[PDB]
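Q: For reference, the structure I am asking about is given below.
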Amino acid sequence: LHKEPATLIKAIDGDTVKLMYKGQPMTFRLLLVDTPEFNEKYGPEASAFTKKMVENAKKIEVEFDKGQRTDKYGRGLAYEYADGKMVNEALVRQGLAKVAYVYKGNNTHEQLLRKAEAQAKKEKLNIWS
Ligand SMILES: Cc1cn([C@H]2C[C@H](OP(=O)(O)O)[C@@H](COP(=O)(O)O)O2)c(=O)[nH]c1=O
Ligand SMILES: [Ca+2]
């Protein structure tokens, strides 16, 4: 897999974001994770987390997996990085997302995220408290 550039257009919530990619505005849905909706417990915390991580970064990148690049709603499916640090993994590590929606052929970073979740659960963080 390889990283590609993008720039923030606007934060949305824990697992979606509006980015410009190849010069076009797109809503991205982060691969392999599920954050609570804003309406839910830890929703606002997830959204604040990704809003901060992505607004403070100098360099946003997206990395597509080997499978579908867009979902049925036209959302881009990617791993997002903020100054080299994967937002999808950071959410999981902090107990602000569950590993979820693991489809075959778009699951390159599955084990990486599961290891993060195991550590979040150990530490009883947020969703796991
Ligand atoms: C993360 C992800 C979600 N989806 C679809 C499945 C879910 O369909 P339904 O809308 O039918 O439940 C929806 C979940 O996204 P949200 O968790 O953002 O709602 O997005 C994919 O198709 N591929 C993916 O990789
Ligand atoms: Ca969600």
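So you can find residues: chains in the structure tokens are A, B, ... in the order shown, residues in each start at 1, and ligands are numbered from 1 in order.
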Output the neighbourhood of ligand 1 as a VMD selection string, that is, all protein and nucleic acid residues with some atom at most 9 Å from the ligand, counting only C-alpha atoms and all ligand atoms.
A: chain A and resid 15 to 16 29 to 37 68 to 73 75 to 78 100 to 103 106 to 107
Q: Please give the complete set of residues from chain A that DSSP, run on the backbone, assigns to alpha helix (DSSP H), formatted as a VMD selection string.
A: chain A and resid 43 to 55 87 to 93 110 to 122
Q: Could you dump the residues just selected with N, CA and C atoms as a CSV table (one decimal), in the first residue's frame?
A:
chain,number,residue,atom,x,y,z
A,43,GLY,N,-19.3,9.4,21.4
A,43,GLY,CA,-19.4,10.1,20.1
A,43,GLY,C,-18.7,11.4,20.0
A,44,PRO,N,-19.1,12.3,20.9
A,44,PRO,CA,-18.4,13.6,21.0
A,44,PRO,C,-16.9,13.6,21.2
A,45,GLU,N,-16.5,12.6,22.1
A,45,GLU,CA,-15.1,12.5,22.4
A,45,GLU,C,-14.3,11.9,21.1
A,46,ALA,N,-15.0,11.0,20.4
A,46,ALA,CA,-14.3,10.5,19.2
A,46,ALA,C,-14.2,11.6,18.1
A,47,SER,N,-15.2,12.4,18.0
A,47,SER,CA,-15.2,13.5,17.0
A,47,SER,C,-14.2,14.5,17.4
A,48,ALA,N,-14.2,14.9,18.7
A,48,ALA,CA,-13.1,15.9,19.1
A,48,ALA,C,-11.7,15.3,18.9
A,49,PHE,N,-11.5,14.1,19.1
A,49,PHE,CA,-10.2,13.4,18.9
A,49,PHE,C,-9.7,13.5,17.4
A,50,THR,N,-10.6,13.2,16.5
A,50,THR,CA,-10.2,13.2,15.1
A,50,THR,C,-10.1,14.7,14.5
A,51,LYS,N,-11.0,15.5,15.1
A,51,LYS,CA,-11.0,16.9,14.7
A,51,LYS,C,-9.7,17.6,15.0
A,52,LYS,N,-9.2,17.3,16.2
A,52,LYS,CA,-7.9,17.8,16.7
A,52,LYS,C,-6.8,17.2,15.9
A,53,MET,N,-6.8,15.9,15.8
A,53,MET,CA,-5.7,15.2,15.2
A,53,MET,C,-5.5,15.7,13.8
A,54,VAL,N,-6.5,15.9,13.1
A,54,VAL,CA,-6.4,16.2,11.6
A,54,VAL,C,-6.3,17.7,11.4
A,55,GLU,N,-6.9,18.6,12.2
A,55,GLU,CA,-6.7,20.1,12.1
A,55,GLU,C,-5.3,20.5,12.5
A,87,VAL,N,-4.7,7.7,11.9
A,87,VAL,CA,-5.9,8.1,12.7
A,87,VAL,C,-6.7,6.8,13.0
A,88,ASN,N,-6.9,5.9,12.0
A,88,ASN,CA,-7.7,4.7,12.3
A,88,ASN,C,-7.1,4.0,13.5
A,89,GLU,N,-5.8,3.8,13.6
A,89,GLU,CA,-5.2,3.0,14.6
A,89,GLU,C,-5.2,3.8,15.9
A,90,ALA,N,-5.0,5.1,15.8
A,90,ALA,CA,-5.0,6.0,17.0
A,90,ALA,C,-6.4,6.0,17.8
A,91,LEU,N,-7.5,6.1,17.0
A,91,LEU,CA,-8.8,5.9,17.6
A,91,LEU,C,-8.9,4.6,18.3
A,92,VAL,N,-8.5,3.5,17.7
A,92,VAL,CA,-8.6,2.2,18.3
A,92,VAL,C,-7.8,2.1,19.6
A,93,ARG,N,-6.6,2.6,19.5
A,93,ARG,CA,-5.7,2.5,20.6
A,93,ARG,C,-6.2,3.2,21.8
A,110,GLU,N,-5.6,-5.0,9.5
A,110,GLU,CA,-6.5,-5.6,10.5
A,110,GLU,C,-5.7,-5.9,11.8
A,111,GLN,N,-4.6,-6.7,11.6
A,111,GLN,CA,-3.9,-7.2,12.8
A,111,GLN,C,-3.3,-6.0,13.7
A,112,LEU,N,-2.8,-5.0,13.0
A,112,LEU,CA,-2.3,-3.8,13.6
A,112,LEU,C,-3.3,-3.2,14.5
A,113,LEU,N,-4.6,-3.0,13.9
A,113,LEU,CA,-5.6,-2.4,14.7
A,113,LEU,C,-6.1,-3.4,15.8
A,114,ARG,N,-6.2,-4.6,15.6
A,114,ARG,CA,-6.6,-5.6,16.7
A,114,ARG,C,-5.6,-5.6,17.8
A,115,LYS,N,-4.4,-5.3,17.6
A,115,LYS,CA,-3.3,-5.3,18.6
A,115,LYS,C,-3.6,-4.1,19.4
A,116,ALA,N,-3.9,-2.9,18.7
A,116,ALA,CA,-4.3,-1.7,19.4
A,116,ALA,C,-5.5,-1.9,20.3
A,117,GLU,N,-6.5,-2.5,19.8
A,117,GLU,CA,-7.8,-2.7,20.5
A,117,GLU,C,-7.5,-3.5,21.8
A,118,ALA,N,-6.6,-4.6,21.6
A,118,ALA,CA,-6.3,-5.4,22.8
A,118,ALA,C,-5.7,-4.6,23.9
A,119,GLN,N,-4.8,-3.7,23.5
A,119,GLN,CA,-4.2,-2.8,24.4
A,119,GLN,C,-5.1,-1.8,25.1
A,120,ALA,N,-6.0,-1.1,24.3
A,120,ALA,CA,-7.1,-0.3,24.8
A,120,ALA,C,-8.0,-1.0,25.8
A,121,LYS,N,-8.4,-2.3,25.4
A,121,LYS,CA,-9.2,-3.1,26.3
A,121,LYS,C,-8.5,-3.4,27.7
A,122,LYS,N,-7.3,-3.8,27.6
A,122,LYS,CA,-6.4,-4.0,28.8
A,122,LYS,C,-6.5,-2.8,29.7
Q: Which of these, A:79, A:129, A:124, A:66, has the shortest distance to residue 105 of chain A once you count only C-alpha atoms?
A: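 For residue 105 of chain A, the nearest of the given residues is A:66.
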Q: Tell me, as a PDB file with C-alpha atoms, in the first residue's frame, which residues lie within 8 Å of residue 62 of chain A, counting only C-alpha atoms; anything in the same chain fewer than 2 positions away does not count.
A:
ATOM      1  CA  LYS A   3       0.190   6.923   1.013  1.00  0.00           C
ATOM      2  CA  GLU A   4      -1.238   9.727  -1.163  1.00  0.00           C
ATOM      3  CA  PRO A   5      -1.765  13.380  -0.408  1.00  0.00           C
ATOM      4  CA  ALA A   6      -4.926  15.065   0.682  1.00  0.00           C
ATOM      5  CA  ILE A  60      -2.746  14.603   5.810  1.00  0.00           C
ATOM      6  CA  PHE A  64      -6.297   2.956  -0.052  1.00  0.00           C
ATOM      7  CA  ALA A  78      -9.057   4.613   3.372  1.00  0.00           C
ATOM      8  CA  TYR A  79      -6.548   4.683   6.090  1.00  0.00           C
ATOM      9  CA  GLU A  80      -5.909   8.284   7.036  1.00  0.00           C
ATOM     10  CA  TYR A  81      -2.575   9.551   8.397  1.00  0.00           C
TER      11      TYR A  81
END
Q: Calculate how many Å separate atom CA of residue 23 of chain A from atom CA of residue 7 of chain A, rounding to one decimal.
A: 8.9 Å
